[PDB]
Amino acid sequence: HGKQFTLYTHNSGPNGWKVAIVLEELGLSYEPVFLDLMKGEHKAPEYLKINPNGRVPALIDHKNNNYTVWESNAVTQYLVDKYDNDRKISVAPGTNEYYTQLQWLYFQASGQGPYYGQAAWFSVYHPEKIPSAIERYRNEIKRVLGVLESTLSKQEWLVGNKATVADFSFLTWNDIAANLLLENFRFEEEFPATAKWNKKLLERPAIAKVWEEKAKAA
C-alpha cells in the first residue's frame, strides 16, 4: 500500500502525540516526519507550503489525493469524521452531539493549549523571569482543570457517553502541566474526577502504546 498518512511533527510535542493517539486508535497507517524546530525547519519554505503558519503538526492523506490539513484539532476532526465510521472514538456528524464534541475540542484548542503553553513559555523560554506572568498562567491551568472537574464530577465522559477524541484531546497538555509546569501538585487530591478520567484514558491500549513511545522520545 504505502502508509496512508504522513504526519509532520517533532520528536515530542503535545499536539503531534495527540494526533498520533487518534491515528493509533483508528488503526490508521502513518509515517511521522520529525521537523527539527531548533534548526528552524518548520519556518523553511518547503514546510510553509504544507502549513503557512509554520507550526506542527500537519497531516497529508495519501489516499485522498494528498489532501493536506493542519491545526491538530482540525486534523483530528478530519480523521474521525472520515475514518471512524464505527464511531469508536467520536460522535456522528450531523447530530446535535457533534457540536458539543466540537465545543470541547475548541475549549482544548483555545482554552487549554495556548494558556498552558504560555506557562511553559514564561517558565522555560522567556529571556527574563517574570513571577507575575508565571503566576498568571499557573492560575489559568488550575482554572481549566476546574472546568473539566465541574463536568467530569457530574458525568463519566465529556460527550457521547463514551470516551472520545474530546476526552483524548486534553491528555498531552495535562501531562505537561502535572509533570513540569505545576509545583507541589497533587492531581488526585485537587481534581479527583479529572485525575481518574486521565488515568482511565491512559489505560486504553492504543493510548498506553503511544504514551510508551512518548516516554521513549525526548
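Note that residue numbering begins at 1 and tracks the sequence as displayed.
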Per the entry, where is the mean C-alpha temperature factor higher: 46-54 or 33-41? 33-41
On average, are the C-alpha B-factors higher in 115-123 or in 68-76? 115-123
Sort 171, 178, 152, 163 by C-alpha B-factor from the entry and give me just the highest. 178
Relative to the other modelled residues in the chain, which third contains the C-alpha temperature factor of residue 211: lowest, middle or highest? highest
Modelled-residue ranking by C-alpha temperature factor, third containing residue 11: highest
Among the modelled residues of its chain, does the C-alpha B-factor of residue 110 lie in the lowest, middle or highest third? lowest
Record-listed C-alpha B factor of residue 139: chain third: middle
Pull the Cα B-factor of residue 86 out of the PDB entry and bin it into the chain's lowest, middle or highest third. highest
